[PDB]
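1. output the structure for:
(one chain, ligands or ions: 1)
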Amino acid sequence: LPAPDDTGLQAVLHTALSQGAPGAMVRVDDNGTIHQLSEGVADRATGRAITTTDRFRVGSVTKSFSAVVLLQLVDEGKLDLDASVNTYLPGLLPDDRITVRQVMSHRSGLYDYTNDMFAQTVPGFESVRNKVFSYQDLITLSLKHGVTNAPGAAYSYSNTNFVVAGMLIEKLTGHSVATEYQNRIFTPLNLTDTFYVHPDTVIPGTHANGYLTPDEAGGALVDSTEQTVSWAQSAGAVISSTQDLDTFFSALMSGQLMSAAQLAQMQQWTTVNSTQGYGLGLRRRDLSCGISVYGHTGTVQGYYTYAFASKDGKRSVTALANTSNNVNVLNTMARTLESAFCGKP
Ligand SMILES: CC1(C)S[C@@H]2[C@H](NC(=O)CCCC[C@H](NC(=O)C[NH3+])C(=O)[O-])C(=O)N2[C@H]1C(=O)[O-]
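-> Numbers count the residues shown, from 1 in each chain. Dropping the coordinates below:
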């Protein structure tokens, strides 16, 4: 690969701050040589600086953790990707036709209940931040709406899919998702900054605070750091660090977390758009210089995450901005992948 471009990474972070991120940071693990940059503040009220060791909420990056657990269950003979969801969770869905593979790739047609919750950004956050939901509560909220398409038909993102994934993990293992993440992923990879504490609202240890951008332009930011994330759970509640998400996606792509057969299934791409695909709890992004990278993005209130690795896991990058509901910031932070993988123009 080309050399990572630290001047370009520095410019991306400075642009994100100019667009409303209180703080922004990035860590690259380039085959054993570390790159680490940060600019701005973890806490905008106290002024404490952000750093690449600050813990944060990874949002839908959590789905890659859920998918790894489910694909290990396929390796163990406990789960068949082409069986019906209802085979394992009787009576759950009105269509006994929807399969596990379809949920894991966002091809199920299940309505995304969070489009009801967050029609208004700050009111919807204030509504859910201190609520505790069961998995079944969230499925019932989805099923108030009919499906949006035929099973298998189209990519349509829905958090409901990885609520189903959490329910499958707990049903088939007899354990909580926190126990399965710890035993199958966090402990074997020594992810000392990585946690699943739901429904606790505290982020353990030194962390970046999250700042939710209101829908009104120029409105005051809302501290969204402490919430249950119970509206997402196995779709979005993991806490981690840049070093630990680099370790995780490098281990995944280098073949340490499942059989070769299941990794191959995880990388069967469904088209998202002309430069992106979706596998099984895994995203592919095609970069300008002809390189593809693999991993996941996350959005949870106050935190935007990108965490991607090269095909062989030898270069990994994790970037974090501690704001959300700011599409300019989101789009700017994607440029860290260009600078880290494609290097200087
Ligand atoms: C598909 C995504 C982008 S959204 C999905 C999941 N996060 C959510 O579903 C939260 C949606 C509300 C986010 C909120 N926005 C609003 O409230 C809008 N009114 C904000 O910006 O904080 C996550 O994480 N995924 C990202 C993913 O996979 O990258």
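
2. most proximal residue of this structure with respect to the ligand?
-> With Cβ to the nearest ligand atom as the measure, residue 60 is the residue of the chain nearest to the ligand, at 2.8 Å. C-beta coordinates here come from the backbone N, C-alpha and C atoms, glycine included.

3. the nearest residue to that residue once chain neighbours are set aside in helix, strand or coil?
-> Among residues not flanking residue 60 along the chain, residue 298 sits closest, at 4.6 Å (Cβ to Cβ, 6 or more residues apart in numbering). Under DSSP: H, G, I helix; E, B strand; the rest coil, residue 298 falls in the strand class.

4. list the contacts for residue 298?
-> For residue 298, the contacting residues are 57-62, 236, 304-305, 307, by Cβ atoms under 8 Å, 6 or more residues apart in numbering.

5. need these in a markdown table (columns: neighbour count).
-> Listed next are those as a markdown table, based on neighbours: other Cβ atoms under 10 Å:
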| residue | neighbour count |
| --- | --- |
| 57 | 30 |
| 58 | 30 |
| 59 | 24 |
| 60 | 22 |
| 61 | 26 |
| 62 | 31 |
| 236 | 25 |
| 304 | 29 |
| 305 | 26 |
| 307 | 27 |
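
6. mind giving me the packing neighbours of the helix or strand hosting residue 271?
-> Using DSSP states H and E, residue 271 maps to strand 270-273. On a contact count with 3 or more Cβ pairs under 8 Å, 6 or more residues apart in numbering; DSSP states H and E, strand 270-273 meets strand 276-278.

7. if we use 10 Å, what do you get?
-> Applying 3 or more Cβ pairs under 10 Å, 6 or more residues apart in numbering; DSSP states H and E, one finds that strand 270-273 contacts strand 276-278, strand 283-286.

8. my read: residue 178 touches residue 187, true?
-> No - using Cβ atoms under 10 Å, residue 178 is not in contact with residue 187, being 11.9 Å away.

9. the two - which one has more neighbours?
-> Counted by other Cβ atoms under 10 Å, residue 178 and residue 187 do not tie: residue 178 has more neighbours, with 17 against 12.

10. quick one: the more buried one from residue 202, how far?
-> According to Cβ to Cβ, to the nearest Å, residue 178 and residue 202 sit 15 Å apart.

11. re the thing from before, just the ones in helices from the contacts of residue 298, please.
-> Among the contacts of residue 298, the members falling in helices (DSSP state H) are residue 62.

12. Throw the contacts of residue 298 into a markdown table and include distance to residue 318, thanks.
-> As requested, the contacts of residue 298 are exported to a markdown table (distance: Cβ to Cβ, whole Å):
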| residue | distance to residue 318 |
| --- | --- |
| 57 | 13 |
| 58 | 9 |
| 59 | 13 |
| 60 | 14 |
| 61 | 9 |
| 62 | 14 |
| 236 | 16 |
| 304 | 12 |
| 305 | 7 |
| 307 | 4 |
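
13. can you tell me which of the contacts of residue 298 is nearest residue 325?
-> Checking the contacts of residue 298 against residue 325 with Cβ to Cβ, the nearest one is residue 304 at 9.6 Å.

14. list the contacts for the residue nearest to that closest one when sequence neighbours are not counted?
-> Nearest-residue entry for residue 304: residue 321, 4.7 Å, with adjacent residues in sequence omitted and distances by Cβ to Cβ, 6+ apart. By Cβ atoms under 10 Å, 6 or more residues apart in numbering, residue 321 lies in contact with 12-13, 16-17, 19-26, 40, 50, 56, 208, 210-211, 302-306, 329-330, 332-333, 336.

15. can you list the helices and strands packed on strand 270-273 in a markdown table and add distance to residue 224 and mean neighbour count?
-> A markdown table is the format used below for the helices and strands packed on strand 270-273 (distance: least, Cβ to Cβ, whole Å; neighbours: other Cβ atoms under 10 Å):
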| stretch | distance to residue 224 | mean neighbour count |
| --- | --- | --- |
| strand 276-278 | 27 | 19 |
| strand 283-286 | 24 | 19 |
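
16. adding distance to the ligand, write those out as CSV.
-> Shown next, in CSV, are the helices and strands packed on strand 270-273 (distance: least, Cβ to the nearest ligand atom, whole Å):
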stretch, distance to the ligand
strand 276-278, 9
strand 283-286, 7
